[PDB]
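Participant: As numbered in UniProt numbering, residues 31 to 428, 432 to 801 make up the sequence shown, in order.
Here you go, one structure.
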Amino acid sequence: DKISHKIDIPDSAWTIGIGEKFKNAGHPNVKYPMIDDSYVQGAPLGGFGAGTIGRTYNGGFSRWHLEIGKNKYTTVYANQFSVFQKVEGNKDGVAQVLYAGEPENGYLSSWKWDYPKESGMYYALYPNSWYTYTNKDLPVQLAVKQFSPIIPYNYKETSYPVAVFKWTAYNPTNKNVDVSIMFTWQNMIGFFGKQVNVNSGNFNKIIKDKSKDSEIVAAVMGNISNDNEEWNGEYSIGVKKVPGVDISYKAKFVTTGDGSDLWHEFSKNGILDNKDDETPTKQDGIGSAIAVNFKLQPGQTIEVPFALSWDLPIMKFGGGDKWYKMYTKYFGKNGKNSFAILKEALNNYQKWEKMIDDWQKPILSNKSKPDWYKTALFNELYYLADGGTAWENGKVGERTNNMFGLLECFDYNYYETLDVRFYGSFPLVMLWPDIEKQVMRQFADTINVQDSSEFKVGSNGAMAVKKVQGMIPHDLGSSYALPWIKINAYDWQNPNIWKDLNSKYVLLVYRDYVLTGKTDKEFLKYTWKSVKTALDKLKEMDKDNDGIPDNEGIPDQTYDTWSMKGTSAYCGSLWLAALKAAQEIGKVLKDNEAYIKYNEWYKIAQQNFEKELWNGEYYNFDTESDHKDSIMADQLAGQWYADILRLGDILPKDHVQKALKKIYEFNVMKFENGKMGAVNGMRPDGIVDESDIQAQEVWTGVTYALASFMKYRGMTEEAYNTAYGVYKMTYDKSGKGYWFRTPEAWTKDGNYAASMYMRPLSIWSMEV
Ligand SMILES: OC[C@H]1O[C@@H](O)[C@H](O)[C@@H](O)[C@@H]1O
Ligand SMILES: [Ca+2]
């Protein structure tokens, strides 16, 4: 491996061998259907709201999130980088697709498949990833750096449906070598959204943009129709000319054939026919190819950038609503702009690399932090793009704001699940705060919505009212229905009687003020009515007048199969913190009567909480359940947020410290020797609480948040050891292979529930 030294991959990048088999992989810990796309994954390409494309460590373009809200795992075999090399003085060169696999059927059988094992590596430090190719039969060593411009505090480039592939090629041998690199792409118009004749009308054109010191050659893969529909638009691939390289292309090869129409050209001498052909297809799949060819002398290096763009302007949700995607603000709405996007990338990629480096540098350069922690911190951010992210720039047919939503996950297809975003939204408040405040104003606007229609509650089969006035919604809808318009898609429980949503909502509001400088009084003003309403409604759920809402002996909070009854440590601490936040907001906005009321409620609830739950060692799970003395990992979630919000002690320092030490001692260290995170429930005898599946799970997001709590409280070793188990399980060779699909949960056997989950974005609470 002589190529690594010629590129700059950080040591904290996650790494795996190209073609590596992973033996230990986990699978769903449930008996009903659940997504399991395998461990063959990678860091996504594509911006927020753009649709994303998962290119795996084996080289395939395989995890398709281009249909917003849907996860489709299928390798489009025509989509590849291929290489040709010929040593000066040999009769023949060699040609190889850079994919460690082959097609299932006989399409593209002429291409050279099965890139060999032990001949390259994949690296990822989101938004960047890299492949190196160090192969006995390829004397010139190659690497590629691939990325999209995901940039904190930038709402423009961060939205773009674009990816850059910056190639570096180096000749360590003492012979001249002819090298070609070829990008192939299928015209994927009709891959989704088209009900009949899925390829019909697809056609490919070549654009040559020749201007002083800037030659770009690109293929634009579109359809003859000017229909403005979800399925219509364009893909583009292309390359920028650099000194010492020639460009060749082929406009049209048949993807639903043996591929030899293209491959006989490339495998001969690495030079394509330069044949333009705009003839539209009927039934056959078609694709385009862009190649560079160059001669490398001994010791010579060359760099050449390719790019990929996709202009699919309209997202349609299952309820019928069609919206424009955010990037259309910058490039237009008509779906004929893929070249402009591609060109912008090829002329600006060096700047984008520097912008990415500039935001990663403060963490990467801090040598007090272990590399494993940086691996997790950056790579968990994949979910911000990969989470079915919707970011609208107007309803089709139809404002100053652009509504946003991140899915909880794909198995539970709900936007912005609030009980989860309480944990998962840290990267948005810390790196894209304008998006975060927008989402919270979306929630504010729903507080007094009433939808008196009824739904069947999944857990018990009773009927309930969809949305109650004054209760914060569980979610902002589903991609199968109407995101932003029809809220509370979730129906397993009735979220209108949840005891955590209203408090978490208030805590989220005050968090968003504090973590953006305590300057945004306008945001506090916009949300103030909803904050008062939320706490006032929750107060009414105090049945026994101890000043604290009563959990009802059903799952009435985020642990939606784990019953709480009476005063719970979890909802009770959240209520206390929420009251303290509202007091502070009241002070900021000069609402004296609110300050006084919430101060009084707080003082009464605080003393009762402590009396009812403090047991000498930790806070009891709750007051009334069968295993009320279980040690809960999240028992002091309210105090965690109070630390972040700088609200001080809601409970005595000494008791918080004792509780945290107990959780570390029991829920971490007595659960598989502390190598897997914090189990949610542990009995005081040191045995996992088996009262529900949830008690017996580590929740990845709960564990990272608890690590954050431990860290702020000076338990530095415990904090990082607690988080390490999550990192290990996700990324390490000894783990369960969950990279780029971090799940909600695992059980002690390592098997999982709900891959690709929002909650573990909470790792960013460790950077406050
Ligand atoms: O895994 C627990 C989670 O399950 C999801 O289906 C629900 O939408 C969440 O509210 C809940 O916290
Ligand atoms: Ca009560």
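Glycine included, each C-beta is placed from N, C-alpha and C at the ideal position.
Quick one: grab the DSSP three-state call for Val498.
Facilitator: It is a strand residue.
Participant: With a cut-off of 8 Å on the beta carbons, I'd call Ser492 and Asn446 a contact; round off their distance for me.
Facilitator: Rounded, the Cβ-Cβ distance is 18 Å, inconsistent with contact.
Participant: List in chain order: all unbroken alpha helix (DSSP H) runs of 4+ residues lying wholly within the stretch 291-343.
Facilitator: none
Participant: Let me check understanding here. Comparing Cα to Cα, which of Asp243, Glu705 and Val228 lies closest to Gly719?
Facilitator: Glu705
Participant: Could you spell out where the beta strand (DSSP E) holding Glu751 opens and where it closes?
Facilitator: Run containing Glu751: none in the beta strand (DSSP E); it sits in the alpha helix (DSSP H), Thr749 to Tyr764.
Participant: Measuring CA to CA, which of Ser140, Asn109 and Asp38 is closest to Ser159?
Facilitator: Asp38
Participant: Compute the beta-carbon to beta-carbon distance between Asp533 and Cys442, rounded to the nearest angstrom, for a pair I have assumed lies under 8 Å.
Facilitator: That pair is no contact at about 19 Å.
Participant: Tell me the DSSP secondary structure of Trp261 in three-state form.
Facilitator: coil
Participant: Let me check one thing: in DSSP terms, what residues is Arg432 bridge-paired to?
Facilitator: None, per the DSSP bridge assignment.
Participant: Quick one: what's got a C-beta closer than 6 Å to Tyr456's C-beta in the same chain, skipping five residues either side?
Facilitator: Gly734, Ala738, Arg792 and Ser795
Participant: For ligand 1, I want to know if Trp261 counts as a neighbour, meaning its beta carbon is within less than 7 Å of at least one of the ligand's heavy atoms.
Facilitator: no
Participant: Taking the continuous alpha helix (DSSP H) assigned at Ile386, which residues delimit it?
Facilitator: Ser368 to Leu394
Participant: Closer than 5 Å between the C-beta and any heavy atom of ligand 2: which residues qualify, listed along the chain?
Facilitator: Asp575, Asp577, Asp579, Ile581 and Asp583
Participant: Short of 7 Å in beta carbon distance, which residues of its chain neighbour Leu302, apart from the five on each side in sequence? Order them along the chain.
Facilitator: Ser278, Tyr279, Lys280, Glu295, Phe296, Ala319 and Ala321
Participant: Run the CB neighbour count on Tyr145, radius 10 Å, all protein chains shown included, and call it buried at 16 or more, exposed below.
Facilitator: buried
Participant: Tell me the DSSP secondary structure of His95 in three-state form.
Facilitator: strand
Participant: Exposed or buried, which one is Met496 when buried takes at least 16 other CB atoms within 10 Å?
Facilitator: Exposed, since its Cβ has fewer than 16 Cβ neighbours within 10 Å.
Participant: Consider the C-beta atom of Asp593 and the heavy atoms of ligand 4; say whether any pair is separated by less than 7 Å.
Facilitator: Ligand 4 is not among the ligands present in this structure, which contains only ligand 1 and ligand 2.
Participant: Rounded to whole angstroms, how far is the Cβ of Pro182 from the Cβ of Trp382, which I believe are closer than 8 Å?
Facilitator: 13 Å between Cβ atoms; not a contact.
Participant: Please identify the residue among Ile33, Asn299 and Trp261 whose C-alpha is closest to the C-alpha of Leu96.
Facilitator: Of the candidates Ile33, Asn299 and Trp261, the residue whose Cα lies closest to the Cα of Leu96 is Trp261.
Participant: Measure the alpha-carbon distance for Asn234 versus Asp306 and round it to whole angstroms.
Facilitator: 8 Å
Participant: Given that a residue counts as buried once 16 or more other Cβ atoms are within 10 Å of its Cβ, and exposed if not, what is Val731?
Facilitator: buried
Participant: Within 10 angstroms of the Cβ of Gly418, are there 16 or more other Cβ atoms? Answer buried if so, exposed if not.
Facilitator: buried
Participant: What residue from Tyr538, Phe177 and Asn120 has the CA that sits closest to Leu376's CA?
Facilitator: For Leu376, the nearest C-alpha among the options comes from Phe177.
Participant: Taking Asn625 as part of the alpha helix (DSSP H), name the residues at either end of that continuous run.
Facilitator: For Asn625, the enclosing alpha helix (DSSP H) starts and ends at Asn625 to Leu646.
Participant: Reducing DSSP to helix, strand and coil, say where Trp143 ends up.
Facilitator: coil
Participant: Starting from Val124, trace the beta strand (DSSP E) in both directions and tell me its first and last residue.
Facilitator: Per DSSP, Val124 belongs to the beta strand (DSSP E) from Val124 to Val127.
Participant: Among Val228, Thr198 and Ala415, which residue has its Cα nearest to the Cα of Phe324?
Facilitator: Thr198
Participant: Check whether the stretch 479-488 and the stretch 188-205 touch, using three or more Cβ-Cβ pairs below 8 Å as the test.
Facilitator: no
Participant: Around the C-beta of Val564, are 16 or more other C-beta atoms found within 10 angstroms, so that it is buried, or is it exposed?
Facilitator: buried
Participant: The alpha helix (DSSP H) with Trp215 in it runs from where to where?
Facilitator: Premise fails: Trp215 lies in the beta strand (DSSP E), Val207 to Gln216, not in any alpha helix (DSSP H).
Participant: If you draw a straight line from the alpha carbon of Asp676 to that of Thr600, how long is it in whole angstroms?
Facilitator: 22 Å
Participant: Mind checking who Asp239 pairs with in its DSSP beta bridge?
Facilitator: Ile246
Participant: For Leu439, which three-state DSSP category applies?
Facilitator: coil
Participant: In three-state terms, what does DSSP make of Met504?
Facilitator: coil
Participant: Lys373 to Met762, Cα distance in whole Å?
Facilitator: If I take the Cα positions, the gap works out to 40 Å.
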